[PDB]
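Beneath this line is the structure, given in C-alpha cells, with notes to follow.
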Amino acid sequence: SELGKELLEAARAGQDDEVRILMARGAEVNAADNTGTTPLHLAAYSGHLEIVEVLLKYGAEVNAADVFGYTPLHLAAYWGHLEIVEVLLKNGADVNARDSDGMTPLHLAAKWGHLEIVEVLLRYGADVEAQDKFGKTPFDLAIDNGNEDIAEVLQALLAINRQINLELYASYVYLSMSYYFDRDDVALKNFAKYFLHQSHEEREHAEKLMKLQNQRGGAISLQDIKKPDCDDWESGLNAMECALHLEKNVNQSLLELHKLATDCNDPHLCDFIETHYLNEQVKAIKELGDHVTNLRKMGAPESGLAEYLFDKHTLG
Amino acid sequence: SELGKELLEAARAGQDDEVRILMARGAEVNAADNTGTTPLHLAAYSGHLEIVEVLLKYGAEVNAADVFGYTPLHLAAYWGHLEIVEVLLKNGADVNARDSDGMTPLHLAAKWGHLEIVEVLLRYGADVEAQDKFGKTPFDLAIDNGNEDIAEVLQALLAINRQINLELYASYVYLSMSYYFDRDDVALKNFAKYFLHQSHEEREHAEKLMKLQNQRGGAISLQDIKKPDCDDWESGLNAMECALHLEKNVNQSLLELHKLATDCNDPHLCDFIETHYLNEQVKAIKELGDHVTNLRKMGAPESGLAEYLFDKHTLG
Amino acid sequence: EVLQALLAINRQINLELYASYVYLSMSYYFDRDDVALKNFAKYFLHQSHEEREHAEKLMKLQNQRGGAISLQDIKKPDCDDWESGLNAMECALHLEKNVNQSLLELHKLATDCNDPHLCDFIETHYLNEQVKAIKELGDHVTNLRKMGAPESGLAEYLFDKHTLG
Amino acid sequence: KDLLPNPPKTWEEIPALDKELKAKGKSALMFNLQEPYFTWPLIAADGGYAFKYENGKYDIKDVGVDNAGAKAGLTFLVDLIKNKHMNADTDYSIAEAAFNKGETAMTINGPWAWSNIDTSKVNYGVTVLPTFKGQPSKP
C-alpha cells in the first residue's frame with residue numbers, strides 16, 4: 001500500500017489523472033484499510049464512473065465486503081448512482097448480497113425511492129422475497145416510505161410469477177388423475193384421455209403467461225412444483241369434484257390478479273386476462289359441474305354401471 | 001362391556017356362532033381392555049376372517065391403536081394373513097400407520113418375508129421410503145433378513161419412480177432455457193424454438209415411463225419437481241453446454257437402471273430401455289456436442305455475429 | 001368532459017398522421033444510392049401505411065359517435081438524414097413509445113368520463129399492437145448492437161438479408 | 001447560515017440532507033468522534049445515563065449503558081458511519097478547521113471555539129441540538 005492511500009485520496013476526491021498516473025506507476029488496486037474500505041468503495045460512494053472503470057480494468061474486487069457487509073453495489077444503490085450500478089452488475093457483482101442486517105441492495109433502492117436502480121436490479125435477478133432481520137421485504141420498505149410506484153411494480157411481478165407456478169401445479173394434478181384411471185383395477189380409458197387433455201391445456205396456459213411476461217420486460221422466476229394431494233383418487237365422481245374445486249381456486253386467483261392490475265392502471269394486462277383466461281374458466285366450471293350432476297343422477301359411485309356408461313356416452 | 005369380554009373370548013377362540021349370537025343380542029364391538037386391545041385386534045391376530053367381517057359389519061374401528069401403536073393391520077401383516085389384510089385395506093385401514101417404533105406394516109411384511117402382503121400393501125400406496133427409529137427402510141429390513149426377492153421388487157420400484165421424476169425435471173430446465181432466449185435483450189428465436197421442442201420431447205419420455213409402469217402393475221408415486229439451477233443463462237454456447245451436461249446425467253441414470261434390471265432377471269424392462277431410451281440419448285449427445293464445437297469454432301460467445309449466424313443457418 | 005375528449009381524439013388523429021410521415025422519410029432515406037439497403041426501405045414503407053390505417057380507424061370511430069373531426073397541419077420529421085440502420089431503429093422505438101404513452105392518457109381520460117365503448121375500442125385495436133411493435137423494435141435494436149453495427153458495415157448488410165429479407 | 005438557512009430539528013433528518021451536501025462537495029456533520037464527551041448527547045438521549053443521580057447522590061451500582069436508548073443511539077451512530085456520512089478517524093481539529101473554511105455545515109461545540117469561528121467571518125448561527133425519536137439530546 002505504498003500507493004494504496006494515494007489511491008484512497010484520489011478515490012475520495014475524484015481525479016482521473018491521479019489514478020491514471022498511479023496505474024502508470026502500477027499502484028495496487030486492492031488496498032484495504034483497517035475497516036475493509038477499498039478504493040472501489042470510495043469510487044462508488046463518490047459517483048465518478050471513470051475511476052470505477054479503470055479500477056475494474058486493473059482487476060479490483062467487485063464483491064469486497066467491509067466489516068459491516070457492504071459492497072460497492074450496496075453503496076451505489078444507497079446514493080442513487082445508476083451507471084456505476086450497471087457497470088458493477090456488468091462485471092459480476094452479486095445482486096443478492098446481504099449486509100450485516102441482511103438487507104440486499106434492492107432493499108436500499110426500494111427504501112430510498114430509486115426506480116431505475118430497482119428496475120436494473122430486477123433485470124439481473126434480484127430476489128423479491130428477501131427478508132432482513134426484521135422480516136421486511138423490499139415491498140414493505142417501499143410502502144413504509146411512500147414509494148407507491150415501486151411497491152406497485154414489486155407487487156405485480158410477484159403476482160404474475162405466482163400465477164405461473166399455479167398453472168404449472170394444476171397440470172401435474174391432471175397428470176396424476178389421468179394415470180390413475182388406467183390402472184388395471186381402474187379400467188376407464190376415456191377418463192384417462194380426458195384428464196391428459198386437461199394436463200396439456202394447463203401447460204399451454206402457463207406458457208402463455210410466460211410469453212406475456214417476456215413481452216413486458218419483466219423477470220420470470222420459477223419455483224418448485226409440489227406434488228398433488230393424492231396418488232389415489234377414488235372414483236370418477238370424486239376426481240371430477242376435485243377438478244371442479246381446483247378450477248374454482250384458479251379462477252379466484254385470476255380475479256385477484258385482475259383487481260391488482262386495475263389498481264395499477266394497466267389496461268393491457270386487464271384485457272389480456274379477460275380475453276384469454278376469464279371465459280375459459282367459466283366454460284370449464286360449467287362443464288365440470290355438468291359432469292358432476294350427471295354422474296350423481298346416474299347413481300355413481302356406488303353404481304359401477306353408471307361410471308362405465310358415462311365413460312362410453314359422454315367422454316367417448 | 002357386559003358382553004365385551006364375551007366378545008374377547010370368542011375373538012381369542014374363534015367362534016362364528018358365538019359372535020353371531022352376541023350380535024343377535026347386540027354386543028358392543030368397541031370393547032377396549034386396559035391396554036387397548038379390541039375384539040378386532042384378536043380377530044386379526046387369530047386369523048379367522050368371518051369374525052373380522054362381522055365386526056366390520058357392525059362398525060368396529062379399523063384404525064384402533066393400542067398402547068404400543070399397533071393396529072389390526074400391523075398384527076395381520078406380522079402373522080401373514082393375506083385375506084384379512086385385504087379386507088382391512090378394503091375398509092379404510094391406513095396403509096402408512098406408524099407404531100411406537102415408527103415401523104409401518106410394510107416394515108413388518110418385509111422383515112418377515114411375506115411377498116403377497118408386500119404386493120397388496122404396495123398396491124394401496126405404502127411408502128417405500130419410510131424409516132423407523134433406527135433409520136431403516138423396508139428395503140434394509142429385507143436385505144438384513146435374506147428376503148432377496150422383496151428387496152428386488154422394492155429397489156426396482158424406487159428406481160423407476162426416480163427416473164420418472166428425473167425426466168420431468170429435465171423438461172422444466174428446457175422450458176426455462178427456451179423462455180430465456182426470447183427476452184428482448186436476448187433476441188434469438190430459433191434457440192427458443194429448439195429448447196421448447198426439447199421440453200416437449202422430455203415430457204413424452206416421462207409419459208412413456210408412466211405407461212410402462214401401469215402395464216406391469218406397479219405403483220406410480222410422484223414427487224416435487226424442483227426449479228432449474230439458473231433463471232439467467234448467459235449465451236447460446238453456455239446453454240448448449242448445460243444441456244449436454246444434463247443429457248449425460250440422464251444417460252448415466254438410465255445405464256444404472258438397465259444394470260439393475262439385468263440383476264433382477266427382467267428381460268422385458270431391459271429391452272424396453274434399450275429400444276426406447278438408449279439410442280435417443282446417444283443421438284442427443286452427438287448433436288449437442290456438434291453444436292458446442294461449431295459454436296466454439298465460429299468464435300462465440302465473445303462474437304455476437306457467431307450466435308446470430310448459427311441461429312440462422314443451423315437452427316433455422 | 002365533452003370538450004376535453006374531443007380535443008384529445010383530434011390530437012391522437014394528428015399524432016398518427018405525423019408518425020406515418022416520419023416512416024415515409026425513413027423509408028426513402030434507405031434507398032439513396034449511398035445507402036443501398038432495400039429491405040430497410042421496404043420495412044419502413046410498410047410501417048408508414050400501417051400508421052395511415054390507424055389514423056383512418058380513429059376518423060371512422062369519431063364519425064360513428066357523432067363527433068367533429070378537425071384536422072391540423074402535419075409537421076415535417078426531425079431529420080432528413082438518418083445515420084444508419086441502428087439509429088433509425090432507435091428513433092422508431094422512441095416514436096412508438098411516445099404514441100403508446102398518449103394512448104394510455106386517452107384511455108385514462110375515457111375512464112374518467114364513463115365511456116366503456118371508447119375504452120374497449122382503444123384496448124382492442126391499439127394497446128396490443130403498440131406492445132407488439134415495441135417488442136419487435138427492441139429485438140431489432142439488440143440484434144443490431146450485438147452484430148457490431150453501426151461501425152461494422154457487414155452487420156447491417158447481413159441483418160438486411162436475414163431478418164428483413 | 002448560508003449553506004443551510006433552515007436548521008433541522010431531528011437527527012433522523014441528518015442522513016438525508018447529507019445526500020444533498022455531497023452534491024455540492026460539502027459534508028453535513030463533522031466533529032470529534034474520539035471522545036464520549038461529544039457523542040453522549042445522542043446515545044444517551046432516549047434512555048442512556050452515566051450514573052443514576054437522585055437526591056444529590058450518584059449511585060455507583062447503577063452505571064446505565066446497557067439500556068435500549070444507548071443501543072438506539074449507538075446504532076444510529078453506526079448508520080451514520082456505515083453509509084459514510086462521516087468518517088471514523090475524524091476528531092476536533094479537522095472538524096473545526098473545515099468548519100472555519102465552511103466545508104462542513106454542521107458542528108457541535110461548547111463556548112471555547114466561538115471566537116475561533118469569529119475568526120472565520122462566516123455568517124453562522126447557534127441553536128439547540130436536534131431531538132432524536134422525540135427524546136432531546138443530553139449534553
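Each chain in the C-alpha cells gets a letter, A, B, ..., in the order shown, and its residues are numbered from 1; ligands are numbered from 1 in order too.
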Inset, instruction - Write out as JSON, numbers by chain the residues lying within 10 Å of residue 141 (chain C), counting only C-alpha atoms and excluding same-chain residues fewer than 5 positions away. - result: {"B": [184, 185, 187], "C": [85, 86, 87, 88, 89, 90, 93, 136, 146, 149]}
Inset, instruction - Considering only C-alpha atoms, return as a list in words whatever protein or nucleic-acid residues lie within 12 Å of residue 314 (chain A), sequence-local ones (same chain, fewer than 3 positions apart) excluded. - result: residues 190, 191, 194, 287, 290, 291, 292, 294, 295, 306, 307, 308, 309, 310 and 311 of chain A
File of the preceding selection, N, CA, C and O atoms, as a PDB file, in the first residue's frame:
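And here is the file that came out, again_7.pdb:
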```pdb
ATOM      1  N   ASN A 190     -61.493 -43.448 -21.116  1.00  0.00           N
ATOM      2  CA  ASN A 190     -61.907 -42.134 -21.569  1.00  0.00           C
ATOM      3  C   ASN A 190     -61.761 -41.088 -20.478  1.00  0.00           C
ATOM      4  O   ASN A 190     -61.495 -39.924 -20.778  1.00  0.00           O
ATOM      5  N   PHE A 191     -61.891 -41.497 -19.218  1.00  0.00           N
ATOM      6  CA  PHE A 191     -61.499 -40.650 -18.100  1.00  0.00           C
ATOM      7  C   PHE A 191     -60.025 -40.265 -18.194  1.00  0.00           C
ATOM      8  O   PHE A 191     -59.658 -39.090 -18.050  1.00  0.00           O
ATOM      9  N   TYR A 194     -59.433 -37.833 -21.087  1.00  0.00           N
ATOM     10  CA  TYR A 194     -59.932 -36.514 -20.717  1.00  0.00           C
ATOM     11  C   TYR A 194     -58.941 -35.761 -19.837  1.00  0.00           C
ATOM     12  O   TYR A 194     -58.626 -34.585 -20.085  1.00  0.00           O
ATOM     13  N   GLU A 287     -68.740 -26.952 -17.473  1.00  0.00           N
ATOM     14  CA  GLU A 287     -68.642 -28.331 -17.941  1.00  0.00           C
ATOM     15  C   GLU A 287     -68.400 -29.312 -16.801  1.00  0.00           C
ATOM     16  O   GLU A 287     -68.973 -30.408 -16.783  1.00  0.00           O
ATOM     17  N   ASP A 290     -71.608 -29.795 -14.887  1.00  0.00           N
ATOM     18  CA  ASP A 290     -72.419 -30.714 -15.682  1.00  0.00           C
ATOM     19  C   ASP A 290     -72.052 -32.167 -15.420  1.00  0.00           C
ATOM     20  O   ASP A 290     -72.928 -33.007 -15.172  1.00  0.00           O
ATOM     21  N   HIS A 291     -70.757 -32.489 -15.527  1.00  0.00           N
ATOM     22  CA  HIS A 291     -70.316 -33.865 -15.315  1.00  0.00           C
ATOM     23  C   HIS A 291     -70.668 -34.360 -13.921  1.00  0.00           C
ATOM     24  O   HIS A 291     -71.115 -35.500 -13.756  1.00  0.00           O
ATOM     25  N   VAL A 292     -70.496 -33.510 -12.910  1.00  0.00           N
ATOM     26  CA  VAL A 292     -70.779 -33.942 -11.546  1.00  0.00           C
ATOM     27  C   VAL A 292     -72.263 -34.241 -11.363  1.00  0.00           C
ATOM     28  O   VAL A 292     -72.626 -35.275 -10.790  1.00  0.00           O
ATOM     29  N   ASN A 294     -74.551 -35.050 -13.633  1.00  0.00           N
ATOM     30  CA  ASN A 294     -74.981 -36.230 -14.373  1.00  0.00           C
ATOM     31  C   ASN A 294     -74.501 -37.508 -13.704  1.00  0.00           C
ATOM     32  O   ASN A 294     -75.267 -38.467 -13.579  1.00  0.00           O
ATOM     33  N   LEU A 295     -73.255 -37.526 -13.228  1.00  0.00           N
ATOM     34  CA  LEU A 295     -72.753 -38.707 -12.539  1.00  0.00           C
ATOM     35  C   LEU A 295     -73.513 -38.975 -11.250  1.00  0.00           C
ATOM     36  O   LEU A 295     -73.753 -40.133 -10.907  1.00  0.00           O
ATOM     37  N   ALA A 306     -72.909 -47.056 -13.724  1.00  0.00           N
ATOM     38  CA  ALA A 306     -73.046 -45.644 -14.060  1.00  0.00           C
ATOM     39  C   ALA A 306     -71.759 -45.075 -14.632  1.00  0.00           C
ATOM     40  O   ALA A 306     -71.788 -44.349 -15.632  1.00  0.00           O
ATOM     41  N   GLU A 307     -70.617 -45.395 -14.026  1.00  0.00           N
ATOM     42  CA  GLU A 307     -69.364 -44.827 -14.500  1.00  0.00           C
ATOM     43  C   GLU A 307     -68.924 -45.441 -15.821  1.00  0.00           C
ATOM     44  O   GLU A 307     -68.366 -44.736 -16.664  1.00  0.00           O
ATOM     45  N   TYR A 308     -69.209 -46.725 -16.037  1.00  0.00           N
ATOM     46  CA  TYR A 308     -68.937 -47.360 -17.322  1.00  0.00           C
ATOM     47  C   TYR A 308     -69.703 -46.681 -18.451  1.00  0.00           C
ATOM     48  O   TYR A 308     -69.142 -46.371 -19.510  1.00  0.00           O
ATOM     49  N   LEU A 309     -70.984 -46.415 -18.231  1.00  0.00           N
ATOM     50  CA  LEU A 309     -71.803 -45.846 -19.285  1.00  0.00           C
ATOM     51  C   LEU A 309     -71.539 -44.362 -19.475  1.00  0.00           C
ATOM     52  O   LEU A 309     -71.651 -43.864 -20.595  1.00  0.00           O
ATOM     53  N   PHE A 310     -71.191 -43.643 -18.406  1.00  0.00           N
ATOM     54  CA  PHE A 310     -70.726 -42.270 -18.560  1.00  0.00           C
ATOM     55  C   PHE A 310     -69.441 -42.214 -19.369  1.00  0.00           C
ATOM     56  O   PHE A 310     -69.274 -41.335 -20.219  1.00  0.00           O
ATOM     57  N   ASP A 311     -68.509 -43.129 -19.087  1.00  0.00           N
ATOM     58  CA  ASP A 311     -67.293 -43.276 -19.875  1.00  0.00           C
ATOM     59  C   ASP A 311     -67.603 -43.464 -21.351  1.00  0.00           C
ATOM     60  O   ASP A 311     -66.975 -42.841 -22.207  1.00  0.00           O
TER      61      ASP A 311
END
```
Inset, instruction - Please determine the contact residues of chain B with respect to chain A at a cut-off of 7 Å, counting only C-alpha atoms, and supply them as a PyMOL selection string. - result: chain B and resi 183-184+214+221-227+231
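The spacing separating CA of residue 108 (chain B) from CA of residue 74 (chain B) amounts to 7.5 Å.
Here CA of residue 48 (chain C) stands at a distance of 13.2 Å from CA of residue 133 (chain C).
Across the structure, CA of residue 45 (chain C) and CA of residue 164 (chain C) are spaced 12.6 Å apart.
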Inset, instruction - For residue 107 (chain C), please output as a count of residues only all residues within 12 Å (counting only C-alpha atoms; exclusion window: fewer than 6 positions along the same chain). - result: 24
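By chain and then residue number, the residues within 8 Å of region 109-124 of chain D are residues 1, 2, 99, 100, 101, 102, 107 and 126 of chain D, counting only C-alpha atoms and disregarding those fewer than 2 positions away in sequence.
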Write out, as a JSON list (two decimals), in the first residue's frame, the residues just selected, with N, CA and C atoms.
```json
[["chain", "number", "residue", "atom", "x", "y", "z"],
["D", 1, "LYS", "N", -25.14, 29.73, 8.21],
["D", 1, "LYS", "CA", -26.45, 30.20, 7.77],
["D", 1, "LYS", "C", -26.57, 30.18, 6.25],
["D", 2, "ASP", "N", -25.45, 30.26, 5.54],
["D", 2, "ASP", "CA", -25.51, 30.29, 4.08],
["D", 2, "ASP", "C", -25.75, 28.90, 3.51],
["D", 99, "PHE", "N", -14.84, 23.55, 9.33],
["D", 99, "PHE", "CA", -15.98, 24.44, 9.53],
["D", 99, "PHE", "C", -15.56, 25.90, 9.43],
["D", 100, "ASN", "N", -14.33, 26.23, 9.85],
["D", 100, "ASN", "CA", -13.83, 27.59, 9.65],
["D", 100, "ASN", "C", -13.66, 27.91, 8.18],
["D", 101, "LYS", "N", -13.31, 26.92, 7.36],
["D", 101, "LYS", "CA", -13.31, 27.11, 5.92],
["D", 101, "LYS", "C", -14.72, 27.08, 5.34],
["D", 102, "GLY", "N", -15.67, 26.49, 6.05],
["D", 102, "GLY", "CA", -17.03, 26.38, 5.55],
["D", 102, "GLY", "C", -17.28, 25.18, 4.68],
["D", 107, "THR", "N", -21.79, 21.61, 13.10],
["D", 107, "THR", "CA", -20.87, 21.10, 14.09],
["D", 107, "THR", "C", -21.50, 21.23, 15.47],
["D", 126, "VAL", "N", -26.12, 29.78, 16.04],
["D", 126, "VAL", "CA", -26.04, 28.76, 17.08],
["D", 126, "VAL", "C", -27.45, 28.43, 17.53]]
```
Inset, instruction - Find the residues around residue 64 (chain D) up to 9 Å (only C-alpha atoms counted), leave out those fewer than 4 positions away in its own chain, and share them as a list in words. - result: residues 47, 48, 49, 50, 51, 52 and 70 of chain D
Once you have the residues from the selection above, write them out as an mmCIF file, in the first residue's frame, restricted to N, CA and C atoms.
```cif
data_model
loop_
_atom_site.group_PDB
_atom_site.id
_atom_site.type_symbol
_atom_site.label_atom_id
_atom_site.label_comp_id
_atom_site.auth_asym_id
_atom_site.auth_seq_id
_atom_site.Cartn_x
_atom_site.Cartn_y
_atom_site.Cartn_z
ATOM 1 N N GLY D 47 -32.632 7.152 26.787
ATOM 2 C CA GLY D 47 -32.581 6.104 27.789
ATOM 3 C C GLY D 47 -31.228 5.848 28.420
ATOM 4 N N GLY D 48 -30.172 6.436 27.865
ATOM 5 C CA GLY D 48 -28.860 6.308 28.469
ATOM 6 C C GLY D 48 -28.607 7.373 29.521
ATOM 7 N N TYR D 49 -27.799 7.009 30.518
ATOM 8 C CA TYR D 49 -27.415 7.916 31.590
ATOM 9 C C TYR D 49 -26.198 7.334 32.298
ATOM 10 N N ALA D 50 -25.211 8.190 32.580
ATOM 11 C CA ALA D 50 -23.919 7.725 33.082
ATOM 12 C C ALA D 50 -24.059 7.003 34.421
ATOM 13 N N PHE D 51 -24.509 7.711 35.450
ATOM 14 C CA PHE D 51 -24.800 7.124 36.751
ATOM 15 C C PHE D 51 -26.179 7.587 37.194
ATOM 16 N N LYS D 52 -26.899 6.717 37.898
ATOM 17 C CA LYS D 52 -28.192 7.136 38.432
ATOM 18 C C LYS D 52 -27.989 8.173 39.531
ATOM 19 N N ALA D 70 -29.397 3.635 24.787
ATOM 20 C CA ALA D 70 -27.998 3.624 24.378
ATOM 21 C C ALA D 70 -27.800 2.752 23.145
#
```
Provide as a CSV table (one decimal) with N, CA, C and O atoms, in the first residue's frame the residues of chain A at most 10 Å from chain D, counting only C-alpha atoms.
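So out.csv came out as:
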```
chain,number,residue,atom,x,y,z
A,13,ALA,N,-11.5,11.9,-3.7
A,13,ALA,CA,-11.5,13.2,-4.3
A,13,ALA,C,-11.9,13.2,-5.8
A,13,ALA,O,-12.4,14.2,-6.3
A,35,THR,N,-10.9,-1.1,8.2
A,35,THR,CA,-12.3,-1.4,8.2
A,35,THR,C,-12.7,-2.0,6.9
A,35,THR,O,-13.9,-2.2,6.7
A,42,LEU,N,-14.8,3.7,-2.2
A,42,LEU,CA,-14.9,5.2,-2.3
A,42,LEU,C,-15.2,5.7,-3.7
A,42,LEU,O,-15.9,6.7,-3.8
A,45,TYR,N,-19.0,5.3,-3.7
A,45,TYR,CA,-19.6,6.3,-2.9
A,45,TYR,C,-19.5,7.7,-3.5
A,45,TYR,O,-20.4,8.5,-3.3
A,46,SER,N,-18.5,8.0,-4.2
A,46,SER,CA,-18.3,9.3,-4.7
A,46,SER,C,-19.2,9.5,-6.0
A,46,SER,O,-19.8,10.6,-6.1
A,47,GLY,N,-19.2,8.6,-6.9
A,47,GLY,CA,-20.1,8.7,-8.0
A,47,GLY,C,-19.4,9.2,-9.3
A,47,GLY,O,-20.0,9.8,-10.2
A,66,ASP,N,-17.0,-5.2,3.5
A,66,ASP,CA,-16.4,-4.4,4.6
A,66,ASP,C,-16.7,-5.2,5.9
A,66,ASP,O,-17.2,-6.3,5.9
A,67,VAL,N,-16.4,-4.5,7.0
A,67,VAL,CA,-16.7,-5.1,8.3
A,67,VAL,C,-18.2,-5.0,8.6
A,67,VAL,O,-18.7,-5.6,9.6
A,68,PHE,N,-18.9,-4.2,7.9
A,68,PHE,CA,-20.4,-4.1,8.0
A,68,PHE,C,-21.1,-4.9,7.0
A,68,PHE,O,-22.4,-5.0,7.0
A,69,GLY,N,-20.4,-5.5,6.0
A,69,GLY,CA,-21.1,-6.3,5.0
A,69,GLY,C,-21.3,-5.6,3.7
A,69,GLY,O,-21.7,-6.2,2.7
A,70,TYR,N,-21.2,-4.3,3.6
A,70,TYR,CA,-21.5,-3.5,2.4
A,70,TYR,C,-20.4,-3.8,1.3
A,70,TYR,O,-19.2,-3.9,1.6
A,74,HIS,N,-23.9,-2.1,-2.8
A,74,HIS,CA,-24.7,-1.5,-1.7
A,74,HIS,C,-24.6,0.0,-1.7
A,74,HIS,O,-25.7,0.7,-1.7
A,75,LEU,N,-23.4,0.5,-1.6
A,75,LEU,CA,-23.2,2.0,-1.5
A,75,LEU,C,-23.7,2.7,-2.8
A,75,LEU,O,-24.3,3.8,-2.7
A,78,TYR,N,-27.4,2.8,-2.5
A,78,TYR,CA,-27.9,3.8,-1.5
A,78,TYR,C,-27.9,5.2,-2.0
A,78,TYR,O,-28.9,5.9,-1.9
A,79,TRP,N,-26.8,5.6,-2.7
A,79,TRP,CA,-26.7,7.0,-3.1
A,79,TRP,C,-27.3,7.3,-4.5
A,79,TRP,O,-27.3,8.5,-4.9
A,80,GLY,N,-27.8,6.3,-5.1
A,80,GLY,CA,-28.5,6.5,-6.4
A,80,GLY,C,-27.7,6.9,-7.6
A,80,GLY,O,-27.9,7.9,-8.2
A,112,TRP,N,-35.2,3.9,-0.5
A,112,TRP,CA,-34.9,5.3,-0.8
A,112,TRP,C,-35.7,5.9,-2.0
A,112,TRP,O,-35.7,7.1,-2.2
```
Inset, instruction - Apply DSSP to the structure's backbone, then extract all residues of region 64-273 of chain B labelled alpha helix (DSSP H) and return them as a ChimeraX atom specification. - result: /B:72-79,82-90,105-112,115-123,138-144,148-180,189-216,236-263,267-273
Inset, instruction - Can you pull out every residue within 12 Å of residue 14 (chain C), counting only C-alpha atoms, but drop anything in the same chain fewer than 3 positions away, and send it as a VMD selection string? - result: chain C and resid 7 to 11 17 to 21 51 to 52 54 to 56 58 to 59 69 to 75 99 102
Sorted by chain and rising residue number, which residues of chain C lie within 7 Å of chain B, and what are their closest atom pairs and distances in Å to one decimal, counting only C-alpha atoms, as a tab-separated table?
```
residue	atom	partner	partner_atom	distance
C:135	CA	B:184	CA	6.6
C:138	CA	B:184	CA	6.2
C:139	CA	B:184	CA	5.4
C:142	CA	B:185	CA	6.0
C:143	CA	B:187	CA	6.4
C:146	CA	B:304	CA	5.0
C:147	CA	B:305	CA	4.7
```
Legend entry - residue 105 (chain B) environment, 10 Å, only C-alpha atoms, sequence neighbours closer than 5 positions dropped, as a ChimeraX atom specification: /B:70-78,85,94-99,110-111,117-118,121,126,138
